[PDB]
Amino acid sequence: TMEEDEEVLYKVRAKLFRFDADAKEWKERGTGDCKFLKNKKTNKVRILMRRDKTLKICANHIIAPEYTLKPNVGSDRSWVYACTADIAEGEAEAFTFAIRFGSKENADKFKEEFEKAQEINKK
Amino acid sequence: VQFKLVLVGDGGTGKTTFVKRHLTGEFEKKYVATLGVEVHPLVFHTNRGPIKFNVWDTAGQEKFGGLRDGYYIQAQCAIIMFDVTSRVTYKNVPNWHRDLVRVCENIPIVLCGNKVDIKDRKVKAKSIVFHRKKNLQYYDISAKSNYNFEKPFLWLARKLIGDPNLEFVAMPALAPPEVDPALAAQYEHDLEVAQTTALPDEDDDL
Amino acid sequence: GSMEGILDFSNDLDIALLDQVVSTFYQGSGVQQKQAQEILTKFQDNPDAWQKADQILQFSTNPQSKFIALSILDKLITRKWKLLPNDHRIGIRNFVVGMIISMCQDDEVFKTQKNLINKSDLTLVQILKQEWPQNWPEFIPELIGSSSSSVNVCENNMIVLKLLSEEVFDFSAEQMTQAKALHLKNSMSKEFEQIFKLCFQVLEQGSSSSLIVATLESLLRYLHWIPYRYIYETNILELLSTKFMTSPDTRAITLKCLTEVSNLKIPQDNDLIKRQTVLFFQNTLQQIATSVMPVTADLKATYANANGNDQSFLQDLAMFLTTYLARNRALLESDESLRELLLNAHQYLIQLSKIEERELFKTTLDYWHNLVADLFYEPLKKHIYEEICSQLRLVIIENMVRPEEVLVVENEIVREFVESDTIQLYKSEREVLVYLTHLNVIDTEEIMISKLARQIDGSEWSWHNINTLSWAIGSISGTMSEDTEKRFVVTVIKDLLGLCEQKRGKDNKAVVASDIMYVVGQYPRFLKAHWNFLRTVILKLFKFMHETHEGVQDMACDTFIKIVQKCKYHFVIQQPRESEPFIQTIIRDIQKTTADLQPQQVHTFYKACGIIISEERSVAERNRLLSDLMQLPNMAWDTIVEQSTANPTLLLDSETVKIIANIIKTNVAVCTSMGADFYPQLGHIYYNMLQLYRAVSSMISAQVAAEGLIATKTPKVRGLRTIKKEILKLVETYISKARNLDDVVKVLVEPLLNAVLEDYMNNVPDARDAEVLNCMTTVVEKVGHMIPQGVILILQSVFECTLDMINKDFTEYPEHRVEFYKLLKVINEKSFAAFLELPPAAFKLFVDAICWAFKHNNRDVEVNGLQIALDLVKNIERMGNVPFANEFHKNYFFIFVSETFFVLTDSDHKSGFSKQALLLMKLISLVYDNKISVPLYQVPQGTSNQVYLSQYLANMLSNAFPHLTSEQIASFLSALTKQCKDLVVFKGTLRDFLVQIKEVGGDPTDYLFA
Ligand SMILES: Nc1nc2c(ncn2[C@@H]2O[C@H](COP(=O)(O)OP(=O)(O)NP(=O)(O)O)[C@@H](O)[C@H]2O)c(=O)[nH]1
Ligand SMILES: *[C@H](CC(=O)OC(C)C)n1cnc(-c2cc(OC)cc(C(F)(F)F)c2)n1
Ligand SMILES: [Mg+2]
């Protein structure tokens, strides 16, 4: 499972999208628990998200300090950001993600946690 | 450890949408009819190792049927799909079942009534009985809401591996890499488009 | 690569290349597999590929290649057989027959190529359907004779006969004309004497397993149709119920055969046949007890282990036992020597009912319903089953599924999401448990009280155990006497409170909370007679509304309204020992009670108060309660209206938009439960509400102009449109329940139309609310007859612009689609004159729109489209012989006829067949009743419309279906017109036509079937 060397800093239920730049559409990648995991040995914090029943990974990447959360024109409870190295599907791909939450308060708390994690990773 | 799965049912019942949901996690809202068959590998991680389904997603429209029962040769399992909002699709289940078992005489088969998310249901639960005498497993499902969307594959994996205690398990999550200013001046082109393309189904719970 | 070469037919076919393409498709992967698939499809679809079939079957090294070749022949046989010259027909026959004989006689091919032989057998059956018995009278006698030459041939002949029976008796209804199906059924019936003789001899002398299994599989099909005498006047029942039950290779198919035997209604006056029906059941149960499992066996454990074919056998056993006993258990209920057999069979069913398998449980539950309903009515029967029923009470109580009302779920005791598979099951369980309680109310109470005593002890405490017990307790409400119920209900609640006090942890707490809430909500009769307790309950529900656990909160609101729906009267009167009606106490503290609820739960609370208030029939008192209830939203409304007139910028605030939407939602909730009584509150806000509607409308238009269409996706504009949608919902809700329709017309309608119609017409499509159409539908439905000019105004504002939104494809604006045709339907039904006032250009678009609805596969639109067409015809017919009716038929009669024929015959609108047939029958009957008084043509002078209709249709079908003969078309139309008063026969003729257009050479005499 490759998760026992890690601590859970934050957990929230979310729906993750990926932008198909060709078709110009957002496509759902998965719904389930989004977790911020801090490695006990290296202290690096990653996003790890699995689908609800199949438990398949739909997000697995470092919360890089270079990343920036942006609003989506259609939602007050979502964030959009670019990702250069996600290995949920296999070989590290780049993605433009959008992640939506159950409420604006969950999105705001997520943003606070997302930025506190970027600081951790800048050590 | 791979198994051939054939997916059959009337056109528009949601066969392709169901497979795509399991492949990528997306929900395709458009209806693009399948032409003949589309083959996709699909892997699940269980407590008994990985299991791979070679999913033969066949066409339900007669004018796009392609090889028709030729696709069933050497199938090791099957899903028969219908739409609980369309009685004709349940009325045709015995016809799909007939053609399937004539080629595949002894395979596990799941019967799925899809689109239970739609309020005005037309094929009532009490009338769905065809599976009983045919020893098919039945599930209400919805590719849109994901209701019971895992159950057909979980049941088939238990029958094909021969272990009633088989369960889906969390795949190992490798450490992700640490990772361009040449195009960073252009990943505002791709990003602003994404920002200004509204997310779908903003009225959903998630 | 070079795989496409096989598509070139000027070549000679490279069989080795075909086999590589086939192998690449079946055993390959990725792009090369995808390419071979497309090539193989084109190869199979080539109209001359069948001429390569013989060469493929002779020279190929690949079984799949031969299979595909047989599919090419099947397609030819099924659809173009009678166009072939007779020499090609004889050639294909001999060739298919020869290959089957060949594969049978090679023992290694017989073992290894089962699929290919099965496909060949089905191909032969397709030839029989075309050629037999008229052009092949010796098939059956020769088949029987050839069965002795080889055991492989005998076995394969059983497969051919099995497939033949299926094609003729099980799958002919949709695939053959009525006349052709009758012909083949009679042919098989005439020859079955010989077929059964061969079958019984094979079963009697018994070769080896495979030949027997195939013979029994064929027998299963015969049992669907053969006369009863073949089963009861031979010794076959003893073979099925003894010999073939002992060996597990034949047990599965024999159990299915006996199940089908059991589902006939015997001539139930004949003592001999009754004795035989008893006998094969006795034999079967004896074989199961001795060869499979004794009646004490743990079938739950066996099923879960899923060894070999155990699950399928237990499924088949349940089907056999329930089928036989539902039909024949009376045969076992009087003879004392049969009592043990009757109860042992039901004991097997008890054990089967403990299996953990949802769908199997529903099968057994269906039988238990059948039994207990019979014991409820039939004299002197229930005592026989006293011990069975006692065990069944325990099984049901222990396997109750979660009812709708229970919103708390374990994942972690959380708050669901979700469905109806479980909802129907709960209802079916409740039905059986209610019957069981009536059958012995003392036993039921003792089981439940004993189970509850062991939750106190902790002897058996668990979430699962208190849940199923609580759900069972709630589900039997209404089965006990008021006095026993009083004692029963009191005990249950006191003890459930004993679990709360002795439980700690919130997880535990939200479980027992949902259980107590479910039980109390299920016993309103008790609450009505015990005010002091009802008051205590409501007070506690209010406490639950402040709970941090989200599930408990939602259920408290749902339980509150569920109780109020039943006990409303006791909230409106002043109770003894009380200073005021409890509704006054509730209203006063409504702000404190609902402080922690989400808005949509607050609205449910207000709706519950509206239920109570509507029980007050004194108008002055009711209106005052209504005024008190709406105090908080009306205060917020006045405030927000005063700071909206002055400074119309205030609605830019998103927090203001949410407040407004919640105000309107509260009014909607109260109007839903109060209906006609809501009018005084509606009048209080109506004029300012429509001014707000206009104001919000200007803001939406302004945003779209300044930001583009994307503005409609933003949280701001979506919130503004929610205001418009909830305003429309409020007006629709009231008008749908209004009793003073004069006030509706004189006070509400004209300000409504002024506020919504032009705004809808003059917005860009992406900004138009489909809810406008829905509101207008209710307006027309309820008062349309009183506002003829208002209906014209509605049509002018929404008709052409909505039609242009939805007439480019079948998918865009799906809600507008649905509401559009709902609106046209009600106008056409209630205010048809509004369509008479349309300009000719617009009336043509109306006809266009109706036929456009025909072609939808969405049932919402399709059904309304066909209904509008039928109502429109009736509206025109009602006008009689006038210019408008004459012009309508001249312009549109044949458009409707041909458009209806199009969707009838195009294979893409099967769901609408019944209504399409009704419409076509009405149109045809109009002509053959001489209800069209002008000539439909523009052909000599004096010709009747009946003659012209036939010539029009014959020409239409000749061009649309050029492969039909002139005689086919003429006979079809002659029969169809003859039958235009008899819908059932009419539809059969249409079904026969749909069969015939899929092949060549259909027999025109088929249409004389009636
Ligand atoms: N409301 C709802 N719609 C669904 C669901 N599943 C599929 N659909 C919709 O049904 C339509 C048919 O899509 P599709 O998956 O291609 O069905 P299909 O059976 O594979 N078509 P074919 O057999 O002709 O190739 C799509 O519009 C899809 O969005 C569902 O679970 N709920
Ligand atoms: C157990 C659960 C509980 O207390 O939940 C809290 C919110 C943590 N429990 C204790 N008391 C009750 C109870 C008592 C009632 O008195 C008549 C009425 C009910 C009700 F369900 F009918 F509202 C519940 N439950
Ligand atoms: Mg498809």
# chains A, B, ... in the order shown; residues from 1 in each chain; ligands from 1
call {"tool": "residues_near_ligand", "arguments": {"ligand": "ligand 1", "cutoff": "9 Å", "atoms": "only C-alpha atoms and all ligand atoms", "output": "JSON, numbers by chain"}}
result
{"B": [7, 8, 9, 10, 11, 12, 13, 14, 15, 16, 17, 18, 19, 20, 27, 28, 29, 30, 31, 32, 33, 34, 35, 36, 37, 57, 58, 59, 60, 61, 62, 64, 65, 81, 82, 83, 114, 115, 116, 117, 118, 141, 142, 143, 144, 145, 146, 147]}
call {"tool": "interface_residues", "arguments": {"of": "chain A", "to": "chain C", "cutoff": "9 Å", "atoms": "only C-alpha atoms", "output": "JSON, numbers by chain"}}
result
{"A": [72, 73, 74, 75, 76]}
call {"tool": "write_last_selection", "arguments": {"atoms": "N, CA, C and O atoms", "output": "mmCIF file, in the first residue's frame"}}
result
data_model
loop_
_atom_site.group_PDB
_atom_site.id
_atom_site.type_symbol
_atom_site.label_atom_id
_atom_site.label_comp_id
_atom_site.auth_asym_id
_atom_site.auth_seq_id
_atom_site.Cartn_x
_atom_site.Cartn_y
_atom_site.Cartn_z
ATOM 1 N N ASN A 72 -11.966 28.722 -10.486
ATOM 2 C CA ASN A 72 -12.643 28.373 -11.726
ATOM 3 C C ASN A 72 -13.843 29.294 -11.906
ATOM 4 O O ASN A 72 -14.531 29.628 -10.937
ATOM 5 N N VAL A 73 -14.090 29.703 -13.153
ATOM 6 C CA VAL A 73 -15.105 30.721 -13.411
ATOM 7 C C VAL A 73 -16.482 30.258 -12.952
ATOM 8 O O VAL A 73 -17.344 31.081 -12.626
ATOM 9 N N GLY A 74 -16.716 28.951 -12.918
ATOM 10 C CA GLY A 74 -18.032 28.425 -12.639
ATOM 11 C C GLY A 74 -18.308 28.034 -11.207
ATOM 12 O O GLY A 74 -19.436 27.632 -10.904
ATOM 13 N N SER A 75 -17.329 28.144 -10.310
ATOM 14 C CA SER A 75 -17.468 27.596 -8.969
ATOM 15 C C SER A 75 -16.832 28.521 -7.943
ATOM 16 O O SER A 75 -15.818 29.172 -8.210
ATOM 17 N N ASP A 76 -17.443 28.561 -6.758
ATOM 18 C CA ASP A 76 -16.856 29.199 -5.586
ATOM 19 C C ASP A 76 -16.364 28.174 -4.570
ATOM 20 O O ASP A 76 -16.098 28.531 -3.417
#
call {"tool": "select_by_dssp", "arguments": {"residues": "chain B", "states": "strand (DSSP E)", "output": "number ranges by chain"}}
result
B: 2-9, 37-46, 49-58, 77-83, 109-114, 137-140
call {"tool": "write_last_selection", "arguments": {"atoms": "N, CA and C atoms", "output": "compact mmCIF listing (two decimals), in the first residue's frame"}}
result
# COMPACT_ATOMS: atom_id res chain seq x y z
N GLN B 2 -5.55 -12.72 -16.84
CA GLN B 2 -6.49 -11.88 -17.56
C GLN B 2 -7.69 -12.70 -18.03
N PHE B 3 -8.83 -12.03 -18.16
CA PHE B 3 -10.08 -12.67 -18.53
C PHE B 3 -10.81 -11.83 -19.56
N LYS B 4 -11.41 -12.50 -20.55
CA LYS B 4 -12.18 -11.82 -21.58
C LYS B 4 -13.60 -11.59 -21.08
N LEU B 5 -14.03 -10.33 -21.07
CA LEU B 5 -15.37 -9.94 -20.65
C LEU B 5 -16.06 -9.29 -21.84
N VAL B 6 -17.23 -9.81 -22.21
CA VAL B 6 -18.05 -9.22 -23.26
C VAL B 6 -19.21 -8.47 -22.61
N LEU B 7 -19.46 -7.26 -23.10
CA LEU B 7 -20.49 -6.38 -22.58
C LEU B 7 -21.49 -6.16 -23.70
N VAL B 8 -22.75 -6.55 -23.46
CA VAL B 8 -23.79 -6.50 -24.47
C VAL B 8 -25.04 -5.85 -23.89
N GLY B 9 -25.89 -5.38 -24.77
CA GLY B 9 -27.12 -4.71 -24.39
C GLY B 9 -27.55 -3.72 -25.46
N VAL B 37 -17.10 -3.13 -31.94
CA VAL B 37 -16.61 -3.42 -30.60
C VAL B 37 -15.43 -2.50 -30.32
N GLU B 38 -15.25 -2.17 -29.04
CA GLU B 38 -14.04 -1.51 -28.56
C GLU B 38 -13.48 -2.34 -27.42
N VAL B 39 -12.20 -2.68 -27.51
CA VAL B 39 -11.53 -3.50 -26.51
C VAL B 39 -10.68 -2.60 -25.64
N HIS B 40 -10.84 -2.73 -24.32
CA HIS B 40 -10.08 -1.97 -23.35
C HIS B 40 -9.59 -2.93 -22.27
N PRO B 41 -8.31 -2.91 -21.90
CA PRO B 41 -7.89 -3.63 -20.70
C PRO B 41 -8.27 -2.85 -19.45
N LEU B 42 -8.62 -3.59 -18.40
CA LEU B 42 -9.07 -3.00 -17.15
C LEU B 42 -8.58 -3.87 -16.01
N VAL B 43 -7.80 -3.29 -15.10
CA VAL B 43 -7.16 -4.03 -14.03
C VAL B 43 -7.72 -3.57 -12.69
N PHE B 44 -8.00 -4.53 -11.82
CA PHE B 44 -8.37 -4.27 -10.44
C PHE B 44 -7.35 -4.93 -9.52
N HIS B 45 -7.04 -4.27 -8.42
CA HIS B 45 -6.14 -4.83 -7.41
C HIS B 45 -6.97 -5.42 -6.29
N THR B 46 -6.73 -6.69 -5.99
CA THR B 46 -7.47 -7.43 -4.98
C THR B 46 -6.50 -7.98 -3.95
N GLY B 49 -4.16 -10.60 -5.54
CA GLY B 49 -3.34 -10.17 -6.66
C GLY B 49 -4.13 -9.32 -7.63
N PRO B 50 -3.49 -8.89 -8.71
CA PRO B 50 -4.22 -8.16 -9.75
C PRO B 50 -5.04 -9.09 -10.62
N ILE B 51 -6.18 -8.58 -11.08
CA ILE B 51 -7.01 -9.27 -12.06
C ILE B 51 -7.26 -8.32 -13.22
N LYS B 52 -7.03 -8.81 -14.43
CA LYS B 52 -7.16 -8.01 -15.64
C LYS B 52 -8.36 -8.50 -16.44
N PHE B 53 -9.26 -7.58 -16.75
CA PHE B 53 -10.36 -7.85 -17.67
C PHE B 53 -10.04 -7.24 -19.02
N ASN B 54 -10.10 -8.06 -20.07
CA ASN B 54 -10.09 -7.55 -21.44
C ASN B 54 -11.54 -7.32 -21.83
N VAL B 55 -12.00 -6.08 -21.70
CA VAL B 55 -13.41 -5.75 -21.82
C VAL B 55 -13.72 -5.52 -23.29
N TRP B 56 -14.53 -6.41 -23.87
CA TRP B 56 -15.03 -6.25 -25.23
C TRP B 56 -16.38 -5.54 -25.15
N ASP B 57 -16.36 -4.23 -25.37
CA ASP B 57 -17.55 -3.39 -25.30
C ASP B 57 -18.20 -3.38 -26.68
N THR B 58 -19.26 -4.16 -26.85
CA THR B 58 -19.87 -4.36 -28.16
C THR B 58 -20.95 -3.31 -28.43
N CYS B 77 -16.55 -14.33 -19.23
CA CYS B 77 -17.56 -13.72 -18.38
C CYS B 77 -18.28 -12.68 -19.22
N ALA B 78 -19.36 -12.13 -18.67
CA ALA B 78 -20.16 -11.18 -19.43
C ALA B 78 -20.99 -10.31 -18.51
N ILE B 79 -21.34 -9.13 -19.03
CA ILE B 79 -22.31 -8.23 -18.42
C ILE B 79 -23.38 -7.95 -19.47
N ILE B 80 -24.64 -8.15 -19.09
CA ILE B 80 -25.78 -7.76 -19.92
C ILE B 80 -26.38 -6.50 -19.32
N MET B 81 -26.47 -5.45 -20.13
CA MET B 81 -26.88 -4.14 -19.66
C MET B 81 -28.26 -3.79 -20.23
N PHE B 82 -29.09 -3.17 -19.39
CA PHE B 82 -30.30 -2.52 -19.86
C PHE B 82 -30.49 -1.23 -19.08
N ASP B 83 -31.53 -0.49 -19.46
CA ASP B 83 -31.79 0.86 -18.97
C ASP B 83 -33.14 0.84 -18.27
N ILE B 109 -22.27 -14.47 -15.52
CA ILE B 109 -22.92 -13.37 -16.22
C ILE B 109 -23.62 -12.49 -15.19
N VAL B 110 -23.37 -11.18 -15.27
CA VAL B 110 -24.04 -10.18 -14.45
C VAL B 110 -25.07 -9.47 -15.31
N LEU B 111 -26.27 -9.30 -14.78
CA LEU B 111 -27.30 -8.47 -15.39
C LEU B 111 -27.36 -7.15 -14.65
N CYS B 112 -27.25 -6.04 -15.38
CA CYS B 112 -27.19 -4.71 -14.79
C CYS B 112 -28.31 -3.84 -15.33
N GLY B 113 -29.11 -3.28 -14.42
CA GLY B 113 -30.07 -2.26 -14.77
C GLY B 113 -29.50 -0.89 -14.49
N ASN B 114 -29.13 -0.17 -15.54
CA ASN B 114 -28.40 1.08 -15.42
C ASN B 114 -29.35 2.27 -15.38
N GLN B 137 -26.34 -12.98 -11.87
CA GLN B 137 -26.35 -12.01 -10.79
C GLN B 137 -26.94 -10.71 -11.31
N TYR B 138 -27.72 -10.02 -10.47
CA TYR B 138 -28.34 -8.76 -10.87
C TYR B 138 -27.93 -7.63 -9.93
N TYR B 139 -27.74 -6.44 -10.50
CA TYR B 139 -27.50 -5.22 -9.74
C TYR B 139 -28.20 -4.04 -10.40
N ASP B 140 -28.89 -3.24 -9.58
CA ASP B 140 -29.16 -1.85 -9.94
C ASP B 140 -27.83 -1.10 -9.96
call {"tool": "residues_around", "arguments": {"residues": "residue 48 in chain B", "least_positions_apart": "4", "cutoff": "10 Å", "atoms": "only C-alpha atoms", "output": "count of residues only"}}
result
9
call {"tool": "residues_around", "arguments": {"residues": "residue 173 in chain B", "least_positions_apart": "3", "cutoff": "7 Å", "atoms": "only C-alpha atoms", "output": "VMD selection string"}}
result
chain A and resid 1 to 3
call {"tool": "write_last_selection", "arguments": {"atoms": "C-alpha atoms", "output": "PDB file, in the first residue's frame"}}
result
ATOM      1  CA  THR A   1       0.000   0.000   0.000  1.00  0.00           C
ATOM      2  CA  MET A   2       3.053   2.240   0.529  1.00  0.00           C
ATOM      3  CA  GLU A   3       1.509   4.560   3.105  1.00  0.00           C
TER       4      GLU A   3
END
call {"tool": "residues_near_ligand", "arguments": {"ligand": "ligand 2", "cutoff": "10 Å", "atoms": "only C-alpha atoms and all ligand atoms", "output": "number ranges by chain"}}
result
C: 493-494, 496-521, 532-549, 552-553, 555-556, 559-560
call {"tool": "closest_atom_pairs", "arguments": {"of": "chain A", "to": "chain B", "cutoff": "7 Å", "atoms": "only C-alpha atoms", "output": "CSV"}}
result
residue,atom,partner,partner_atom,distance
A:1,CA,B:172,CA,3.6
A:2,CA,B:172,CA,4.9
A:3,CA,B:173,CA,6.9
A:14,CA,B:206,CA,6.5
A:15,CA,B:206,CA,5.9
A:19,CA,B:194,CA,6.5
A:26,CA,B:199,CA,6.2
A:27,CA,B:26,CA,5.5
A:28,CA,B:26,CA,4.3
A:29,CA,B:25,CA,4.5
A:30,CA,B:25,CA,5.2
A:53,CA,B:150,CA,6.8
A:54,CA,B:168,CA,6.2
A:55,CA,B:170,CA,5.2
A:56,CA,B:170,CA,6.5
A:60,CA,B:176,CA,6.3
A:61,CA,B:176,CA,5.1
A:62,CA,B:176,CA,6.2
A:71,CA,B:195,CA,6.6
A:72,CA,B:195,CA,4.7
A:73,CA,B:196,CA,5.2
A:74,CA,B:198,CA,4.5
A:75,CA,B:202,CA,6.9
A:80,CA,B:195,CA,6.6
A:84,CA,B:179,CA,6.8
A:85,CA,B:179,CA,6.4
A:86,CA,B:176,CA,6.9
A:87,CA,B:176,CA,6.3
A:100,CA,B:206,CA,6.4
A:101,CA,B:206,CA,5.6
A:102,CA,B:206,CA,5.1
call {"tool": "interface_residues", "arguments": {"of": "chain B", "to": "chain C", "cutoff": "7 Å", "atoms": "only C-alpha atoms", "output": "PDB file with C-alpha atoms, in the first residue's frame"}}
result
ATOM      1  CA  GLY B  66     -20.405  -5.631 -36.651  1.00  0.00           C
ATOM      2  CA  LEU B  67     -19.540  -9.282 -36.060  1.00  0.00           C
ATOM      3  CA  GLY B  70     -18.571 -13.364 -33.300  1.00  0.00           C
ATOM      4  CA  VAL B  88     -37.810  -2.124 -24.449  1.00  0.00           C
ATOM      5  CA  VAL B 103     -21.650 -19.127 -27.857  1.00  0.00           C
ATOM      6  CA  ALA B 125     -37.587  -3.488  -9.254  1.00  0.00           C
ATOM      7  CA  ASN B 135     -28.530 -17.938 -12.687  1.00  0.00           C
ATOM      8  CA  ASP B 140     -29.156  -1.851  -9.938  1.00  0.00           C
ATOM      9  CA  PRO B 164     -15.834 -15.657  -2.277  1.00  0.00           C
ATOM     10  CA  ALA B 198     -16.634  26.047 -16.154  1.00  0.00           C
TER      11      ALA B 198
END
call {"tool": "atom_distance", "arguments": {"atom1": "CA of residue 275 in chain C", "atom2": "CA of residue 368 in chain C"}}
result
25.0 Å
call {"tool": "residues_around", "arguments": {"residues": "residue 33 in chain A", "least_positions_apart": "2", "cutoff": "6 Å", "atoms": "only C-alpha atoms", "output": "PyMOL selection string"}}
result
chain A and resi 12-13+49
call {"tool": "write_last_selection", "arguments": {"atoms": "N, CA, C and O atoms", "output": "PDB file, in the first residue's frame"}}
result
ATOM      1  N   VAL A  12      -9.925  15.409   3.218  1.00  0.00           N
ATOM      2  CA  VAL A  12     -11.187  16.025   2.819  1.00  0.00           C
ATOM      3  C   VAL A  12     -11.726  15.275   1.610  1.00  0.00           C
ATOM      4  O   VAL A  12     -10.965  14.857   0.733  1.00  0.00           O
ATOM      5  N   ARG A  13     -13.043  15.103   1.567  1.00  0.00           N
ATOM      6  CA  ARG A  13     -13.673  14.468   0.419  1.00  0.00           C
ATOM      7  C   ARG A  13     -13.779  15.468  -0.725  1.00  0.00           C
ATOM      8  O   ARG A  13     -14.091  16.644  -0.515  1.00  0.00           O
ATOM      9  N   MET A  49      -4.892  10.706  -3.418  1.00  0.00           N
ATOM     10  CA  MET A  49      -6.343  10.624  -3.496  1.00  0.00           C
ATOM     11  C   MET A  49      -6.735   9.322  -4.178  1.00  0.00           C
ATOM     12  O   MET A  49      -6.206   8.997  -5.245  1.00  0.00           O
TER      13      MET A  49
END
call {"tool": "select_by_dssp", "arguments": {"residues": "range 145-176 of chain B", "states": "helix (DSSP H, G or I)", "output": "ChimeraX atom specification"}}
result
/B:151-161
call {"tool": "atom_distance", "arguments": {"atom1": "CA of residue 376 in chain C", "atom2": "CA of residue 491 in chain C"}}
result
28.0 Å
call {"tool": "closest_residue", "arguments": {"among": "A:98, A:5, A:18, A:23", "to": "residue 45 in chain A", "atoms": "only C-alpha atoms"}}
result
A:5
call {"tool": "residues_around", "arguments": {"residues": "residue 478 in chain C", "least_positions_apart": "4", "cutoff": "10 Å", "atoms": "only C-alpha atoms", "output": "list in words"}}
result
residues 434, 437, 438, 474, 482, 485, 522, 523, 524 and 525 of chain C
call {"tool": "write_last_selection", "arguments": {"atoms": "C-alpha atoms", "output": "PDB file, in the first residue's frame"}}
result
ATOM      1  CA  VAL C 434     -47.311  -7.919   8.808  1.00  0.00           C
ATOM      2  CA  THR C 437     -47.869 -10.877  12.914  1.00  0.00           C
ATOM      3  CA  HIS C 438     -51.594 -11.203  12.172  1.00  0.00           C
ATOM      4  CA  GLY C 474     -41.523  -0.126  13.314  1.00  0.00           C
ATOM      5  CA  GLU C 482     -54.367  -0.526  20.581  1.00  0.00           C
ATOM      6  CA  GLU C 485     -49.604  -1.714  21.097  1.00  0.00           C
ATOM      7  CA  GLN C 522     -44.133   4.608  12.727  1.00  0.00           C
ATOM      8  CA  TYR C 523     -46.736   4.655  15.551  1.00  0.00           C
ATOM      9  CA  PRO C 524     -48.828   7.822  15.130  1.00  0.00           C
ATOM     10  CA  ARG C 525     -51.925   6.087  16.520  1.00  0.00           C
TER      11      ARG C 525
END
call {"tool": "residues_around", "arguments": {"residues": "range 933-946 of chain C", "least_positions_apart": "4", "cutoff": "9 Å", "atoms": "only C-alpha atoms", "output": "tab-separated table (two decimals) with N, CA and C atoms, in the first residue's frame"}}
result
chain	number	residue	atom	x	y	z
C	880	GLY	N	-65.71	19.67	-37.75
C	880	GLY	CA	-66.62	19.30	-38.81
C	880	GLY	C	-66.18	19.82	-40.17
C	881	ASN	N	-67.16	20.07	-41.03
C	881	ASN	CA	-66.91	20.46	-42.42
C	881	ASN	C	-66.85	21.98	-42.49
C	886	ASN	N	-60.96	21.58	-43.70
C	886	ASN	CA	-60.66	21.18	-45.07
C	886	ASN	C	-59.21	21.51	-45.43
C	887	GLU	N	-58.78	22.73	-45.10
C	887	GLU	CA	-57.41	23.14	-45.42
C	887	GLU	C	-56.39	22.32	-44.64
C	889	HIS	N	-56.55	19.12	-43.65
C	889	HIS	CA	-56.35	17.81	-44.26
C	889	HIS	C	-55.62	17.91	-45.59
C	890	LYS	N	-55.98	18.90	-46.41
C	890	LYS	CA	-55.29	19.08	-47.68
C	890	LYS	C	-53.81	19.35	-47.47
C	891	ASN	N	-53.47	20.12	-46.44
C	891	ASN	CA	-52.08	20.50	-46.22
C	891	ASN	C	-51.29	19.45	-45.45
C	893	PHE	N	-52.68	16.06	-43.88
C	893	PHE	CA	-53.09	14.68	-43.62
C	893	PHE	C	-51.98	13.71	-44.01
C	894	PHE	N	-51.47	13.82	-45.23
C	894	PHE	CA	-50.45	12.88	-45.70
C	894	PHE	C	-49.10	13.12	-45.04
C	924	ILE	N	-56.09	6.63	-40.77
C	924	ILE	CA	-56.68	5.77	-41.80
C	924	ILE	C	-58.19	5.71	-41.63
C	927	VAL	N	-60.39	8.40	-43.20
C	927	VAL	CA	-60.69	8.30	-44.62
C	927	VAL	C	-61.77	7.25	-44.87
C	928	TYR	N	-61.63	6.08	-44.26
C	928	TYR	CA	-62.59	5.00	-44.49
C	928	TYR	C	-63.87	5.17	-43.68
C	950	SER	N	-55.01	4.54	-50.74
C	950	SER	CA	-54.32	3.29	-51.05
C	950	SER	C	-53.25	3.50	-52.11
C	951	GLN	N	-53.56	4.27	-53.15
C	951	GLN	CA	-52.58	4.53	-54.20
C	951	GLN	C	-51.40	5.34	-53.66
